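I have placed the structure first, in the form of structure tokens, so that the comments after it can refer back to it.
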Protein chains: 2
Amino acid sequence: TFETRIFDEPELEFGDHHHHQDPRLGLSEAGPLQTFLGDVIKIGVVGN
Amino acid sequence: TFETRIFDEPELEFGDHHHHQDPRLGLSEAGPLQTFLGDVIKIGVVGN
């Protein structure tokens, strides 16, 4: 009667063939999956 | 009797407050007027 299951937490794939389950920690020790070619990202502001 | 004049060759303004009458040499020894804030420019190819 009412068979149950428990699944494990899935793992996300970060850059340099590294995988983890926390987006905060996996980014801070392996970088993004796709690396930006260049150093600068330009931001514009509109307002007061 | 008519009137006549001869104008000098106009000067273009390159980067770093440098002015010259030739785009090629002026770009070769001064650089562009507005420098690219970055390192690389990505080129995509569509063809055979």
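Just remember, in the structure tokens the first chain shown is A, the second B, etc., residues are 1-based per chain, and ligands are 1-based in the order shown.
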Please superimpose chain B on chain A using every C-alpha atom, paired by order, in a least-squares fit, and write the moved chain as a CSV table (one decimal) with N, CA and C atoms, in the first residue's frame.
```csv
chain,number,residue,atom,x,y,z
B,1,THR,N,-1.3,-0.9,1.2
B,1,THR,CA,0.1,-0.6,1.1
B,1,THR,C,0.4,0.2,-0.1
B,2,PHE,N,1.2,1.3,0.0
B,2,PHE,CA,1.6,2.1,-1.1
B,2,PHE,C,3.1,2.0,-1.4
B,3,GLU,N,3.6,2.7,-2.4
B,3,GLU,CA,5.0,2.7,-2.8
B,3,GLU,C,5.5,4.1,-2.6
B,4,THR,N,6.8,4.2,-2.2
B,4,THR,CA,7.4,5.5,-1.9
B,4,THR,C,8.9,5.4,-2.3
B,5,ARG,N,9.5,6.6,-2.6
B,5,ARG,CA,10.9,6.7,-3.0
B,5,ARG,C,11.4,8.0,-2.5
B,6,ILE,N,12.7,8.1,-2.4
B,6,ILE,CA,13.4,9.3,-2.0
B,6,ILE,C,14.5,9.5,-3.0
B,7,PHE,N,14.5,10.6,-3.7
B,7,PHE,CA,15.5,11.0,-4.7
B,7,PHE,C,16.6,11.8,-4.1
B,8,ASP,N,17.8,11.6,-4.6
B,8,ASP,CA,19.0,12.4,-4.2
B,8,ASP,C,18.9,13.8,-4.8
B,9,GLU,N,19.6,14.7,-4.2
B,9,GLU,CA,19.7,16.1,-4.7
B,9,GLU,C,20.4,16.1,-6.0
B,10,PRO,N,19.8,16.7,-7.1
B,10,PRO,CA,20.4,16.7,-8.4
B,10,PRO,C,21.7,17.6,-8.4
B,11,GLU,N,22.6,17.3,-9.3
B,11,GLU,CA,23.9,18.0,-9.4
B,11,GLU,C,23.8,18.9,-10.6
B,12,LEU,N,24.2,20.1,-10.5
B,12,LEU,CA,24.4,21.0,-11.6
B,12,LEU,C,25.8,20.9,-12.1
B,13,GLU,N,26.1,21.3,-13.4
B,13,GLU,CA,27.4,21.2,-14.0
B,13,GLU,C,27.9,22.7,-14.2
B,14,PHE,N,29.0,23.0,-13.5
B,14,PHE,CA,29.7,24.2,-13.6
B,14,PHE,C,30.9,24.1,-14.6
B,15,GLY,N,31.7,25.1,-14.6
B,15,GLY,CA,32.8,25.1,-15.6
B,15,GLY,C,33.9,24.2,-15.1
B,16,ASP,N,34.8,23.9,-16.1
B,16,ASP,CA,36.0,23.0,-15.8
B,16,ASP,C,35.6,21.6,-15.3
B,17,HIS,N,34.5,21.1,-15.8
B,17,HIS,CA,34.1,19.7,-15.5
B,17,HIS,C,33.9,19.5,-14.0
B,18,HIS,N,33.3,20.5,-13.4
B,18,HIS,CA,33.1,20.4,-11.9
B,18,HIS,C,31.6,20.4,-11.7
B,19,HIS,N,31.1,19.5,-10.8
B,19,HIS,CA,29.7,19.4,-10.5
B,19,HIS,C,29.5,19.5,-9.0
B,20,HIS,N,28.4,20.2,-8.6
B,20,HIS,CA,28.0,20.4,-7.2
B,20,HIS,C,26.6,20.8,-7.2
B,21,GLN,N,26.0,20.6,-6.0
B,21,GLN,CA,24.5,20.8,-5.8
B,21,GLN,C,24.2,22.2,-5.3
B,22,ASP,N,25.2,23.1,-5.2
B,22,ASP,CA,24.9,24.5,-4.7
B,22,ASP,C,25.4,25.5,-5.8
B,23,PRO,N,24.6,26.3,-6.3
B,23,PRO,CA,25.0,27.3,-7.3
B,23,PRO,C,26.1,28.3,-6.7
B,24,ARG,N,25.9,28.7,-5.4
B,24,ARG,CA,26.7,29.7,-4.8
B,24,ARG,C,28.2,29.2,-4.6
B,25,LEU,N,28.3,28.1,-3.9
B,25,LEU,CA,29.7,27.6,-3.6
B,25,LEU,C,30.3,27.1,-4.9
B,26,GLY,N,29.5,26.4,-5.8
B,26,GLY,CA,30.0,25.9,-7.0
B,26,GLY,C,30.5,27.0,-7.9
B,27,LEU,N,29.8,28.1,-8.0
B,27,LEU,CA,30.3,29.3,-8.8
B,27,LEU,C,31.5,29.9,-8.1
B,28,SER,N,31.5,29.8,-6.7
B,28,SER,CA,32.6,30.4,-6.0
B,28,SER,C,34.0,29.7,-6.2
B,29,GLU,N,33.9,28.4,-6.4
B,29,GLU,CA,35.2,27.6,-6.5
B,29,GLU,C,35.4,27.0,-7.9
B,30,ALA,N,34.5,27.1,-8.8
B,30,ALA,CA,34.8,26.6,-10.2
B,30,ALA,C,34.6,27.7,-11.2
B,31,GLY,N,33.6,28.5,-11.2
B,31,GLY,CA,33.3,29.5,-12.2
B,31,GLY,C,32.2,29.1,-13.1
B,32,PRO,N,31.8,30.0,-14.1
B,32,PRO,CA,30.7,29.7,-14.9
B,32,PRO,C,31.0,28.6,-15.9
B,33,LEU,N,29.9,28.1,-16.5
B,33,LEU,CA,30.0,27.0,-17.5
B,33,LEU,C,30.6,27.5,-18.8
B,34,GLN,N,30.1,28.6,-19.3
B,34,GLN,CA,30.6,29.3,-20.5
B,34,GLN,C,31.3,30.6,-20.1
B,35,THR,N,32.7,30.6,-20.1
B,35,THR,CA,33.4,31.7,-19.7
B,35,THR,C,33.3,32.9,-20.7
B,36,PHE,N,33.4,34.1,-20.2
B,36,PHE,CA,33.3,35.3,-21.0
B,36,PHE,C,34.7,35.5,-21.6
B,37,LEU,N,34.7,35.5,-23.0
B,37,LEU,CA,36.0,35.8,-23.7
B,37,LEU,C,36.2,37.3,-23.7
B,38,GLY,N,36.9,37.8,-22.7
B,38,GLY,CA,37.1,39.2,-22.6
B,38,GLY,C,37.6,39.5,-21.2
B,39,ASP,N,37.5,40.8,-20.8
B,39,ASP,CA,38.0,41.2,-19.5
B,39,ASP,C,37.0,42.0,-18.7
B,40,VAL,N,36.2,42.8,-19.4
B,40,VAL,CA,35.3,43.8,-18.8
B,40,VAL,C,33.9,43.8,-19.3
B,41,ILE,N,32.9,44.1,-18.5
B,41,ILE,CA,31.5,44.2,-18.9
B,41,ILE,C,31.1,45.7,-18.6
B,42,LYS,N,30.6,46.4,-19.6
B,42,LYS,CA,30.2,47.8,-19.4
B,42,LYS,C,28.8,47.9,-19.0
B,43,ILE,N,28.5,48.7,-18.0
B,43,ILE,CA,27.2,48.9,-17.4
B,43,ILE,C,26.8,50.4,-17.6
B,44,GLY,N,25.6,50.6,-18.1
B,44,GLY,CA,25.1,52.0,-18.2
B,44,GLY,C,23.9,52.2,-17.2
B,45,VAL,N,23.8,53.4,-16.7
B,45,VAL,CA,22.9,53.8,-15.7
B,45,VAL,C,22.0,54.9,-16.2
B,46,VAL,N,20.7,54.7,-16.0
B,46,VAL,CA,19.7,55.7,-16.4
B,46,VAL,C,18.8,55.9,-15.1
B,47,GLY,N,18.9,57.1,-14.6
B,47,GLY,CA,18.1,57.4,-13.4
B,47,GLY,C,18.5,58.8,-12.8
B,48,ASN,N,18.1,59.0,-11.6
B,48,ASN,CA,18.3,60.3,-10.9
B,48,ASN,C,19.8,60.4,-10.6
```
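Backbone DSSP assigns strand (DSSP E or B) in chain B to residues 12, 13, 19 and 20 of chain B.
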Practice problem: Mind the document's chain letters and residue numbers, and return as a PyMOL selection string the residues of chain B that DSSP labels alpha helix (DSSP H). | Solution: chain B and resi 23-29
